[PDB]
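Next up: a single chain in structure tokens, the form deposited in one PDB entry.
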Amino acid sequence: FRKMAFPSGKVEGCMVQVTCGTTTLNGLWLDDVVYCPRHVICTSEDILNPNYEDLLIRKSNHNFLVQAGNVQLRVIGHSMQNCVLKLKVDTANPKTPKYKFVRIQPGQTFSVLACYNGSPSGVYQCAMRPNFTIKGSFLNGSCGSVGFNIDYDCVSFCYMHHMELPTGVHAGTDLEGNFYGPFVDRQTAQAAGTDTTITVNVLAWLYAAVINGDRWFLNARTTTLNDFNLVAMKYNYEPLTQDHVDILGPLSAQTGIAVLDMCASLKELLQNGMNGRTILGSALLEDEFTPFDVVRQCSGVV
């Protein structure tokens, strides 16, 4: 069972580069607006202690270089929404897909189209960690790369890359500019909080194993959600939500294994280990496949 990004063509046609001063990063061109991180307007020295409201007053439309490839798009208006700069341009992107801006939950996955200078470099699948970082693969100049999900040719944009933290994980915003987690767009000592394992995803992976005939771990017990949540937290596992129980519905229905029965199976694995057995060929419990990722991998979606 391997990770699988969404096809990225619909997002590739929306990638541009945004330059202000000497700073160049990536932007997302949808209809007649270009979205990018607001720290583009900072100098290498401003970023240490910025005042974004007053830095933006000093800027004009003619201070922003937006390019689709080498083709300039004239900026006809600018504004700041949270941590995102919105540059109105004079051309509506004819490649604009049907799209939505969504804010995702910790544990959810998305594809990231890594870009440099507005040029798509690669695509890979990421999970939002419970500490609101992603273990992405970004180099300098990757800021403004976006993460997304596709559902029947509507692109749901959920992530915009802003920075790398000291431990090498990445932080960013949704497309309305609101950071995921307690991070701010200033170059100061910031630390990701302690991470936990995404329980709903581990369960999805156990269902994937059952679907493929590996079911040695199914046991004979059950548990309540509240009791499972209290035990899981003792192993640094995330508690389950009512929404988590519901998105596990299809896999539970497909296998005939009740969600709370699978919780008791997981609890036994946490309490006693795997005893040198494997699951889907792993001795480690994998937590970066959502229930939709498992469904998607076994359905010929689009």
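The first residue of the sequence shown is number 1, and the count goes up from there.
If you average the C-alpha B-factors over 187-195 and over 106-114, the higher value belongs to 187-195. Stretch comparison (165-173 versus 89-97) by mean CA B-factor in the PDB entry places 165-173 on top. Taking the deposited Cα B-factors for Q242, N26, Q67, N275, the highest one is held by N275. Based on the entry's C-alpha B-factors, the most elevated value among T43, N236, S252, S265 belongs to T43. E12 sits in the lowest third of its chain by CA B factor, as recorded in the PDB entry. Among the modelled residues of its chain, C154 has a C-alpha B-factor that falls in the highest third, as given in the PDB entry.
In the PDB entry, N201 places in the lowest third of its chain by CA B-factor.
Per-chain ranking of the deposited C-alpha B factor places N140 in the highest third. In the deposited entry, the Cα temperature factor of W216 places it in the highest third of its chain's modelled residues.
If you look for the form solved in complex with a small molecule, you will not find it shown, but the lines that follow are about it.
Residue heavy atoms within 4.5 Å of the small molecule in the entry with it bound occur in exactly one stretch of 210-218, 102-110, 73-81, 187-195, and that stretch is 187-195. For the residues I134, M163, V231, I150, the 4.5 Å heavy atom test against the small molecule in the entry with it bound is passed only by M163.
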